[PDB]
DNA sequence: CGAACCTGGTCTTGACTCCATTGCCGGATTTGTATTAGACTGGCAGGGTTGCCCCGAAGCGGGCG
């Protein structure tokens, strides 16, 4: 995005693997969200029975899981559920 | 016989009062958003009941290419 405007006609290999990494990041993000959907379901099974329906609670948990996978850090050496339970 | 008078109003001038009406201003309360790092990973859940009728769809016996 920086080198698109006012930038450079990059080499073909550099632009091609730049697009490869740009696709791989979104593939990994979709893979991580689809991995932890089950954790969202297992947490949201207990807030039912009052007011809201079950599937709306599942969807709001999914949105919180989106925020948790956006703000998750790996260098703190903790597991992902430890951080994601707060946001969910 | 005229004449004051006395009193309906008709109206104005000037001072006074008084309360809306914004306008800041300082603070109070109200409302919205962001962030919490050990690990946690696929629901509880509640019932099955009539009678009659119409009609549309699934499936099976039965011949056929």
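By the beta-carbon count within 10 Å of each Cβ, the least crowded to most crowded order of A:21, A:88, fewest first, is A:21, A:88. Can you give the calculated 222 nm mean residue ellipticity of chain A, where each DSSP H run of n ≥ 4 adds -39,500 (n - 2.57) and the sum is split over every residue, rounded to the nearest 500 deg cm²/dmol? Helix-only estimate at 222 nm: -23000 deg cm²/dmol. Considering only alpha-carbon pairs that sit under 8 angstrom and 6 or more positions apart, the relative contact order computed for chain A is 25 percent. Seen from a random direction on average, the alpha-carbon convex hull of chain A projects onto 8.1 square nanometres. Model label sites at residue A:45 and residue A:62, defined 7 Å from Cα along the beta-carbon direction, differ in position by 1.9 nm. If one takes the longest principal axis of the Cα atoms in chain A, at what angle in degrees, from 0 to 90 and to the nearest 10, does the Cα axis of helix A:54-71 lie? The angle comes out at about 40 degrees. What FRET efficiency comes out for the pair residue A:33/residue A:86, r = Cβ-Cβ distance, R0 = 22 Å, nearest 0.05? Computed FRET efficiency for residue A:33 and residue A:86: 0.85.
Using ideal geometry, Cβ is built from the backbone for each residue, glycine included, and neighbour counts are taken over all protein chains shown. Only the coordinates and a few stated rules stand behind these numbers; no lab work does.
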